[PDB]
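> enclosed are the sequence and the experimentally obtained structure.
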Amino acid sequence: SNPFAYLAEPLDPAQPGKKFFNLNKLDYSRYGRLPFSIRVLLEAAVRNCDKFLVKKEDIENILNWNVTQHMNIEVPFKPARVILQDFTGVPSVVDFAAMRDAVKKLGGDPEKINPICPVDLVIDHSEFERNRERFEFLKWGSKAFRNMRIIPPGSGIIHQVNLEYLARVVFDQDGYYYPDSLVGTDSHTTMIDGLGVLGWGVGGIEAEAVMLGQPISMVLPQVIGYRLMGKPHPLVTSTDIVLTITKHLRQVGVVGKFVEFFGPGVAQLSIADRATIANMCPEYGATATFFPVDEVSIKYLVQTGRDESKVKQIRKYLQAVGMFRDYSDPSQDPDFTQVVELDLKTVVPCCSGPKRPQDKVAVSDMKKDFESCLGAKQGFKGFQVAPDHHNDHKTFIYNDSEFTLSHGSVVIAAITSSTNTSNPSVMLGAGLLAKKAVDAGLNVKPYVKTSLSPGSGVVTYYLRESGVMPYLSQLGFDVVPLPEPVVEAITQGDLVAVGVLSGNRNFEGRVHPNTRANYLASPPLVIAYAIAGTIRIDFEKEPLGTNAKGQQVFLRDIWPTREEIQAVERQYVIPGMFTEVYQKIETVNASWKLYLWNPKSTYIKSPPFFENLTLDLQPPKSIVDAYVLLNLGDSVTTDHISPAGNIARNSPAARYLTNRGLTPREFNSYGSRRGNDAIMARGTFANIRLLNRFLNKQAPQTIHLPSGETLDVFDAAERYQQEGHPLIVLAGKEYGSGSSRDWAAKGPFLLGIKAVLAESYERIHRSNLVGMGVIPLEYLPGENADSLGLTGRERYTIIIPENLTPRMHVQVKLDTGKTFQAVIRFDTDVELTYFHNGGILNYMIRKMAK
RNA sequence: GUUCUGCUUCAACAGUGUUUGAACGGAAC
């Protein structure tokens, strides 16, 4: 029973069936001071309290965040949903399919087996035949399981849009309202925190654990509050703001922490801006950068097609539980761990040049700075030209017209794509500037080499939907060697001509031999300098050009404010962008409960995990006279345990593949074979860099002690299982460190390994092993292989008691009479339960077949 | 000797990207 059910009440009395956990009633004093990001964790634990996977001390720990943040305590995080990128969800769907077969064979309803939460299979990357089977398998899954949706290949290939498309922000499901939140096997997951949705990327195994009902374990984080106030000056672009906030966070030191935004300034950042910041958190090391749901967010939901009524209810919910943000109201502000601040008036627009991308010069100083460079002695910021020559200039004819070319004249104005994701808005800004310039009679001298290659992507929507290309075209910028006259005037006058470039994508690549000076600036600034034809200008007190009719026009007259840009964005660009997606998804899923495993397949196979699984729990079996399969040292990485990349031709995996009619050229990678336990098991400990102490040298092998033969690890393990010998692995410190490897636990399980004895375990991996039924043993403080004399050739016996207690001590008796203690590393009752059930998957099977 | 090319590794930052570079792995002759 949920001890906090008394908090559940109807959001709207006219709808008794739709409830929400009123966190306000839990403890208003501490709740109202909590960072909004932490509130999402809180609500999640509270609604899922089950006195087991999520205990009430857990809810207490989160609620007491202000204090606990400093005691490094583990709390559970139960996401509202999961995202499985590309084909990373194959092993997971295979487990669930195999789990259904398992429940069938026990006389139960297979359909009782299903992912606890919604899962979105996002296969949006852009050999198609190489993935056909795996694609097919996941498609079957989307139909066989509930709440399992799929974004197929050949539809939305603009990731960002797909993620926001899948963002609920607030769930209205099974009679409850709760905040949207997730974890995905997609590194870009953190991007969605810009829209108020808490979440980040995790390992494949952790994602599956979520699908199995297991919370992500995590240290209650500190929360750096980043405040935004003031207004930015006129020429300041989104990228300027983003890079400032981004670069700052890096220095502040937020690695391992949460970053939550606030201050009246947040109201000035569009969802696109927020998403860009959140998405770059890997760069500054934060776990997540959260932007509470405010009116901007809500309005964004409408812009994407969600309907008014639903959205209105979402806001009502957020206001009721106290998770709706009003950045203008300081009284609402949380009690952050630390506060960093940024006055937008502080950001200063700049250009880089005239020779190095590192040499920054404020836009308002371009004139002075350039004129100083003319004098200065030939340096990175000097061309040295006889003081009299400064005001030089020659003339020339171009297309039956005359033009003068003074020093600092602009001959090239090229706009290219930026890698930074806030570029789209900035490009739109460049366009809106064009429109206003054209409307004001301005133009760009014909001889100026002007180009525009925005690249592909989201920017396309921003240009097209805003109907700005016509104007950009009129000024010489159309979607994609200077005139002979110009090159002559430059050289004949021995002039320092200028090139203006937007986009960081390669600098020295287009530095014309004729452009002695070159600057990097924002897209709109490029166009501007092209209208002005020179950088020796002071935009504050100098016309961009005299109206083809009467008066003069100033830069300030045609430069779009961030608000104007955001207005065009929200009423034309975003709506269009998402309409196209609902469609590309709808019409593509149209061309279409137990899995019919194909024996001829080499990509999908039913795992052995549940052979002879009995509905009743049998008492734990001791490990008797086991043999050590591998005697390892320190820092054995997950990639050593389960390698990534291609398959060696001299491997158990290769032989297996050969024996089935496959040639080397068609083996593919271990990664691609994750849905076939046969190949993955054969790849366990197949890393050529493996350093087995039994051999004192890098080799994917071990000694089959009975024979003394040295075979590839899998092979030795096979033999051992045939002979009926239990197996265990010895290891040094930090066992299982390294990046996520889907089979780092399952592989060892299929090699017959019943236990591991290490000096130290990397947190996650230890958990992964428990999950698969494997026993993690740890030497007592101070002891290890050498201390104890262990050679790895003795036969090990470990007698497990039926009354196991967390971190209990057990004896290990060798067949040489020797004896010693070790810690059986099951850290919690949940973990003990998985052990008794033989693993988390097995536990799930029993809980369902009733 | 030539050519083609990952649940990889490492590095860089006009600036974090379906980025750039390098390494290793893999395939073919």
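Perfect, I can see it now. Numbering: from 1, shown residues only, chains lettered A, B, ... in the order given.
> let me see the contact set for residue A:789.
Contact analysis of residue A:789 by CB atoms under 8 Å, 6 or more residues apart in numbering lists residue A:818. Where C-beta positions appear, they are placed from N, C-alpha and C, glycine not excepted.
> dihedrals phi and psi, it?
In terms of degrees, to the nearest 10, the main-chain angles of residue A:789 are phi 90, psi -20.
> what about it, distance to residue A:708?
Distance of residue A:789 to residue A:708, computed by CB to CB, to the nearest Å: 21 Å.
> equivalent analysis for residue A:220, please.
Separation of residue A:220 from residue A:708 (CB to CB): 52 Å.
> of those two, who's got more company?
residue A:220 (23 against 7; other CB atoms under 10 Å).
> which non-adjacent residue is nearest the more buried one?
Of all residues not flanking residue A:220 in the chain, residue A:75 sits nearest, at 4.8 Å (CB to CB, 6 or more residues apart in numbering).
> SS state for the one you found?
Counting by DSSP: H, G, I helix; E, B strand; the rest coil, the backbone at residue A:75 sits in strand.
> list the beta-bridge partners for it.
Note on residue A:75: beta-bridge partners residue A:218, judged by DSSP bridges.
> neighbours of it, how many?
Number of residues near residue A:75 (other CB under 10 Å) recorded here: 25.
> next: residue A:802.
7.
> next: the one 10 residues further on.
Using other CB under 10 Å, residue A:812 has 22 neighbouring residues.
> that one - that's part of a strand, no?
Yes - under three-state DSSP, residue A:812 sits within a strand.
> so what's residue A:83 up against?
Neighbouring residues of residue A:83 by CB under 8 Å, 6+ apart: A:119-120, A:122, A:163, A:166, A:182-186, A:189.
> can you tell me which of those residues is nearest RNA strand B?
residue A:185 (7.8 Å; CB to the nearest atom of the strand).
> so who does the closest one touch?
Residue A:185 makes contacts with A:83-85, A:88-89, A:201-204, A:207, A:740, as judged by CB under 8 Å, 6+ apart.
> before we move on, which element is the closest residue in space to residue A:564 that isn't next to it in sequence in?
Leaving aside its sequence neighbours, residue A:564 sits nearest to residue A:432 (CB to CB, 6+ apart; 6.4 Å). Using DSSP states H and E, residue A:432 sits in helix A:423-439.
> now residue A:154
Here residue A:154 is assigned to no helix or strand, by DSSP H and E.
> how about the nearest residue to it, chain neighbours excluded?
Residue A:154's closest residue in space is residue A:588 (CB to CB, 6+ apart), at 6.5 Å.
> what strand or helix carries residue A:242?
Per DSSP H and E: helix A:238-252 holds residue A:242.
> should've said residue A:34
Going by DSSP H and E, residue A:34 is not in any helix or strand.
> OK, contacts around whichever residue of the stretch 451-600 of chain A sits closest to RNA strand B?
Nearest to RNA strand B in the stretch 451-600 of chain A, going by CB to the nearest atom of the strand, is residue A:504, at a distance of 3.1 Å. Residues near residue A:504 by CB under 8 Å, 6+ apart: A:357, A:418-420, A:520.
> any of those buried? List them.
Using 16 or more other CB atoms under 10 Å as the burial test, the contacts of residue A:504 include A:418, A:420, A:520 as buried.
> what does the stretch 501-650 of chain A have sitting close to RNA strand B?
Within the stretch 501-650 of chain A, the positions lying close to RNA strand B (CB under 7 Å from any atom of the strand) are A:503-505, A:507, A:520-522, A:639, A:642-649.
> quick check: PyMOL command selecting the buried ones in those residues.
Of these, the buried ones can be selected in PyMOL as follows, counting by 16+ other CB under 10 Å:
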select buried, chain A and resi 503+504+520+521+522+639+642+643+647+648
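> so which of the residues of the stretch 501-650 of chain A next to RNA strand B sit within strands?
residue A:520 (DSSP state E).
> what helix or strand does the residue nearest to residue A:154 sit in?
Following DSSP H and E, one finds residue A:588 outside all helices and strands.
> count the neighbours of it for me.
The local packing of residue A:588 (other CB under 10 Å) involves 16 other residues.
> likewise residue A:550?
Counted with other CB under 10 Å, residues neighbouring residue A:550 total 7.
> ok so it is a strand residue?
No - Residue A:550: not assigned to a strand; according to three-state DSSP it is coil.
> pretty sure residue A:276 sits against residue A:418.
No - using CB atoms under 8 Å, residue A:276 is not in contact with residue A:418; the gap is 11.0 Å.
> if you rank the contacts of residue A:185 by neighbours, which is first?
residue A:89 (32 neighbours).
> quick check: closest non-adjacent residue to that one.
Distances taken as CB to CB, 6+ apart place residue A:121 nearest to residue A:89, at 5.3 Å, with adjacent residues excluded.
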